Amino acid sequence: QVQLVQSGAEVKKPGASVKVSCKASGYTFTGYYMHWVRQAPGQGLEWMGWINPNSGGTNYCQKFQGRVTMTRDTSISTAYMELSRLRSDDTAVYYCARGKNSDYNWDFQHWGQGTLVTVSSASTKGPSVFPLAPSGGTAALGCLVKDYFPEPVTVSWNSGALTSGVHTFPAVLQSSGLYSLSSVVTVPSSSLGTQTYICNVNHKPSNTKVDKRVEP
Amino acid sequence: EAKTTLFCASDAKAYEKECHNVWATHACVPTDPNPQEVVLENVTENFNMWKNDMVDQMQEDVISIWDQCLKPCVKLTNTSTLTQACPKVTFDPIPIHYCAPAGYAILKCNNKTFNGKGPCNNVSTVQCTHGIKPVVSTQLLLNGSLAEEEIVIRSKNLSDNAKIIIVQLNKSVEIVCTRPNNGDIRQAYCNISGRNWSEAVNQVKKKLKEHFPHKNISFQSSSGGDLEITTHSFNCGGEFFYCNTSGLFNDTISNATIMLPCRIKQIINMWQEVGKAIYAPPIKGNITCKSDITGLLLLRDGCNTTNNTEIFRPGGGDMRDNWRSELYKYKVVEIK
Amino acid sequence: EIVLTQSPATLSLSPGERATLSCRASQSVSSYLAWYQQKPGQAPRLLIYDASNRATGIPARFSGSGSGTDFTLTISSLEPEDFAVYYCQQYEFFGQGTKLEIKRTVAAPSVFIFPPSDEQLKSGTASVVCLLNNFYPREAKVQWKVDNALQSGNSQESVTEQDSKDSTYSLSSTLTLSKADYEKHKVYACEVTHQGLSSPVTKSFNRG
Ligand SMILES: *[C@@H]1O[C@H](CO)[C@@H](O[C@@H]2O[C@H](CO)[C@@H](O[C@@H]3O[C@H](CO[C@H]4O[C@H](CO)[C@@H](O)[C@H](O)[C@@H]4O)[C@@H](O)[C@H](O[C@H]4O[C@H](CO)[C@@H](O)[C@H](O)[C@@H]4O[C@H]4O[C@H](CO)[C@@H](O)[C@H](O)[C@@H]4O)[C@@H]3O)[C@H](O)[C@H]2NC(C)=O)[C@H](O)[C@H]1NC(C)=O
Ligand SMILES: *[C@@H]1O[C@H](CO)[C@@H](O[C@@H]2O[C@H](CO)[C@@H](O)[C@H](O)[C@H]2NC(C)=O)[C@H](O)[C@H]1NC(C)=O
Ligand SMILES: *[C@@H]1O[C@H](CO)[C@@H](O[C@@H]2O[C@H](CO)[C@@H](O)[C@H](O)[C@H]2NC(C)=O)[C@H](O)[C@H]1NC(C)=O
Ligand SMILES: *[C@@H]1O[C@H](CO)[C@@H](O)[C@H](O)[C@H]1NC(C)=O
Ligand SMILES: *[C@@H]1O[C@H](CO)[C@@H](O)[C@H](O)[C@H]1NC(C)=O
Ligand SMILES: *[C@@H]1O[C@H](CO)[C@@H](O)[C@H](O)[C@H]1NC(C)=O
Ligand SMILES: *[C@@H]1O[C@H](CO)[C@@H](O)[C@H](O)[C@H]1NC(C)=O
Ligand SMILES: *[C@@H]1O[C@H](CO)[C@@H](O)[C@H](O)[C@H]1NC(C)=O
Ligand SMILES: *[C@@H]1O[C@H](CO)[C@@H](O)[C@H](O)[C@H]1NC(C)=O
Ligand SMILES: *[C@@H]1O[C@H](CO)[C@@H](O)[C@H](O)[C@H]1NC(C)=O
């Protein structure tokens, strides 16, 4: 039972810094190097550096030399990765990882859950829901959760009643720096007048809970 | 190709009060006045400095030397707290020969450029190693053996940026570290020739470039860690010096004298085990050590470069590498 | 440099078949290669280490082989949960991964369109939506056009992950314009090309 548990998500303005923590359990924290690897949304894994928790020695990916710092607290079996002078590029999920054995530490057998770090000058803001009304057979209708920040956004239909045939699409980052998604559902024409259709949009950051109605 | 209990020999004096002598006279036998070196004709044998139980045995021996010599006033670990008397002692490492018992011998590689791992064709057999001083230090290897031909690079795997790189020079550089007195009793300084050091760095850079052709070789300071590995740390006359080596690991090494500021410290992170050791304040007087830099401990920055440059920074901390820098040429073998 | 080139970029197969992913090291590197699996939302999972050693809990159908510069991961009798992203690793260097997708029969997209709402127009801008529903394969060419005046430069799209039931995809395209620029033209249209549609379908509306 080896366990690596990382701190929670972070939202940051450019030029700021962020420190992610990684608490280890189930082994001798000082006997294995700890690596940090980031993954941008929709991209590959990028190695940043490792730290020897015994002496605190570090090795940083040359791309981050100068603005990345790795440290450790042995009394709590915790490793820290601080990235400074942030920018939109640094938006990614940051993982701590540990190899399988002491000899060879690059076969990353143990990973943390990851810590999502979002970087953008934008500020918190709740969404503004809009109806996508339809017009025999089976039609479609949806909501357009538009202009909100930061992610995520939870969508349901008729208080979780309508589920089958529902599709909530991934968000997209607009030129304005605000996210926007759409959530649609397919329903037969034998119900676009008798059955009512309401969305349920929950945006935790802005404490927003909206219920928009969709009708022809 | 076997494992056995080595023993130790030395020129220690039974009347000498220096602590290394007091330990060796009790634990080591005299130096065999008639060393028998047998050169095995037309024989190639494998060596592996990175998997050599001799290193572990020397680690244990130096741990014992220090448990007798540098007894801390306080010792703090994960699971224990120790308070005890901590009297100052005379301190000066003496050479120690490591010998195999009956039914065993020590294979010695005589290839003067062997990097410590792989086949060696210039093999001989001995009963003991040459004299090895148990010098504890980081970043700079002191008072060791020089390379007889040209600078030698040693790494369990140079392609692995997490593996230490042991450099053996073929021409030592003198470093004179002194804490003077009549102020600040914990302030000291090292002097080193900038011309000789720059020449040594340039030669090491060429030899490293041989393994990273087309690349500029850069020397920079440690990227972090305990003060033990971010400075040149070492024990001189019983006092723990931590010396700032920013002026040594440099792309702009001056050709004139180089002065390194040092601090004498009482709280130290132990290399014998995970924990802290608190010693008493420094003794009074002029504390001096004129030592021979004969090696380096380096680590290479990871990732691909974007300005065509491999970066090397001083490392250390695990004193098994200090012992490897001297035991690379040896192996314990059973007669059969 | 040292580069790991994984191929193919995407691999579509059916359950029960055998998958073969390749990873090329830009220079000889002996046999220190690892293979990882990654699901959406999860951390990478070590499958192979030292080119051929199966990590703990890795079933037998996973196999790793190769040496020098060419390495391969082989998955016999693909199961539903074996579809994911697969990465190769050499020290600190990662390959860009190959995505293993489920292969199924070609499906036609049930296309729909949605005009901007009045509440949205009452703010400043207008957003027109076009939906492609449950289709396979993923590739689809969406083209917004005011009848003959085709649009480019401000339509953003999104695609769902392969549905766990019918192994299909779905796409949403949003065309964002100004309220005035919206009320200027009249006939707004959304055409689509897909491997399951014989001719380009163009379900659309006009501003009235
Ligand atoms: C890397 O290697 C170098 C060289 O091997 C090493 O430097 C050497 O350090 C040792 C100890 O620090 C030096 O040995 C000491 O030298 C002083 C001065 O030398 C005098 O000796 C002659 C007599 O032959 C004098 O006539 C003349 O004036 C010289 O100046 C000696 O004074 C020291 O004697 C003490 O230790 C003896 C142990 O046998 C005692 O018997 C004696 O009574 C002295 O004890 C008292 O004085 C000590 C010095 O003040 C004091 O520390 C004690 O606590 C006690 O009060 C001693 O022999 C040696 O000369 C250095 N050699 C060179 C070439 O510099 C580095 O230290 C080493 N590096 C590392 C990191 O280990
Ligand atoms: C060793 O001494 C140098 C001498 O300045 C210290 O230099 C720091 O690092 C560079 C200068 O080379 C600058 O970015 C820092 O601002 C310097 N800090 C100073 C001068 O206080 C270096 O920090 C010292 N290292 C240790 C471990 O003490
Ligand atoms: C050290 O690690 C390398 C990994 O790159 C192993 O592979 C050698 O790599 C070097 C540098 O690219 C090549 O020149 C060699 O041809 C590679 N060897 C083989 C057999 O392909 C190398 O084997 C490792 N060495 C040791 C002693 O472990
Ligand atoms: C050492 O680390 C922590 C104390 O900070 C403790 O949980 C762990 O069990 C200890 N184990 C050993 C072997 O020291
Ligand atoms: C020592 O070993 C190296 C590497 O195997 C070899 O190139 C060299 O020729 C050897 N030295 C002698 C004197 O044979
Ligand atoms: C092997 O080592 C011995 C050491 O005594 C040396 O005399 C001899 O010349 C070496 N062999 C070769 C071929 O150099
Ligand atoms: C030490 O080795 C280097 C090769 O890196 C060579 O240039 C230099 O002349 C050698 N010095 C001595 C004293 O042998
Ligand atoms: C450099 O080393 C030589 C011996 O090889 C020595 O004579 C010279 O004095 C040293 N340089 C300085 C500046 O002392
Ligand atoms: C080390 O480099 C710095 C700047 O790069 C320079 O100021 C300093 O003089 C150098 N040290 C030596 C000993 O040349
Ligand atoms: C190349 O870039 C690295 C990244 O910081 C830097 O440390 C190094 O000094 C650069 N090489 C030069 C300036 O020659």
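Chains as they are written, first to last, in the numbering used here: chain A, 957 to 1172; chain B, 676 to 1011; chain C, 506 to 713. Even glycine gets a Cβ: it sits at the ideal position worked out from N, Cα and C.
According to DSSP, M1026 (chain A) shares a beta bridge with A:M1037. Proximity of chain C to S1044 (chain A) at the Cβ level (cut-off 7 angstroms) is not reached, the minimal Cβ distance being about 17 angstroms. Within chain C, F617, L636, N638 have C-beta atoms less than 7 angstroms from the C-beta of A1096 (chain A), given in sequence order. Contact holds between the region 643–651 of chain C and the region 690–704 of chain C, because three or more Cβ pairs, one in each stretch, are under 8 angstroms apart. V534, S535, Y537: these are the residues of the region 527–559 of chain C whose beta carbon lies less than 9 angstroms from some beta carbon of chain B, given in chain order.
When only Cα atoms are considered, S868 (chain B) and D976 (chain B) end up about 27 angstroms apart.
Here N790 (chain B) has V827, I828, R829 as same chain residues with Cβ atoms under 7 angstroms from its own Cβ, once five neighbours each way along the sequence are excluded.
Contact residues of ligand 8 (beta-carbon closer than 6 angstroms to any heavy atom; chain order) are B:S868, B:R870, B:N871. Within the same chain, and ignoring the five residues on either side of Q594 (chain C) in sequence, the residues whose Cβ sits closer than 6 angstroms to its Cβ are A539. Taking 7 angstroms as the upper bound on Cβ-Cβ separation, chain B lies near residues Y596, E597 of the region 588–603 of chain C.
Put simply, the CB of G899 (chain B) is far from chain C, with every gap to its CB atoms at 9 angstroms or more. By the Cβ neighbour-count rule, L655 (chain C) is exposed, with fewer than 16 other Cβ atoms within 10 Å of its own. Not a single C-beta of chain B is nearer than 9 angstroms to the C-beta of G1116 (chain A).
For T963 (chain B), same chain residues with a beta-carbon under 6 angstroms away, outside a window of 5 residues either side, are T853 in chain order. Straight-line measurement puts the Cα of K979 (chain A) at about 4 angstroms from the Cα of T1034 (chain A). When the Cα atoms are used, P1126 (chain A) and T1110 (chain A) turn out to be separated by approximately 11 angstroms.
In the same chain as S1091 (chain A), and ignoring 5 residues on each side of it, the C-beta atoms closer than 7 angstroms to its own belong to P1172, in chain order. Annotation: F682 (chain B) to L1001 (chain A) spans about 50 angstroms, alpha carbon to alpha carbon. Within chain A, the C-beta atoms nearer than 8 angstroms to that of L974 (chain B) come from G1013, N1015, in chain order.
Using a cutoff of 8 angstroms, the CB of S921 (chain B) counts as near ligand 2, since one of the ligand's heavy atoms is closer than that. Annotated three-state conformation of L676 (chain C) is strand, per DSSP. A residue is listed when its beta-carbon falls short of 7 angstroms from at least one non-hydrogen atom of ligand 6; in chain order these are B:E712, B:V714, B:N785, B:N797, B:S799.
C-alpha of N1163 (chain A) to C-alpha of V1157 (chain A): approximately 11 angstroms in a straight line. Chain order gives the chain C residues near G977 (chain B) as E597, where near means a beta carbon separation below 7 angstroms. Here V697 (chain B) carries a helix assignment [DSSP, helix/strand/coil]. In the DSSP assignment, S572 (chain C) is bridged to C:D575. Within the model, the alpha-carbon separation for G991 (chain B) versus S812 (chain B) is close to 8 angstroms. Identification of chain A residues near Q625 (chain C) by a Cβ-Cβ cut-off of 7 angstroms yields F1086, ordered along the chain.
With fewer than 16 other Cβ atoms inside 10 Å of its own Cβ, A1117 (chain A) counts as exposed. The C-beta distance from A965 (chain A) to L1039 (chain A) rounds to 14 angstroms, too long to fall under 8 angstroms, and the pair is not in contact.
Shown here is that no member of the region 707–734 of chain B has a Cβ falling below 7 angstroms from a Cβ of chain A. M1026 (chain A) reaches chain B at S898, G899, counting residues in chain order whose Cβ is nearer than 9 angstroms. According to the DSSP secondary-structure assignment, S527 (chain C) is paired through a beta bridge with C:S512, C:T577. Shown here for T510 (chain C): same chain residues with a beta carbon closer than 6 angstroms to its own, the five before and five after excluded, namely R529 in chain order.
Not one heavy atom of ligand 9 lies closer than 8 angstroms to the C-beta of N866 (chain B). Only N832, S834, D835, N836, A837 from the region 827–844 of chain B bring a Cβ to less than 9 angstroms from some Cβ of chain C.
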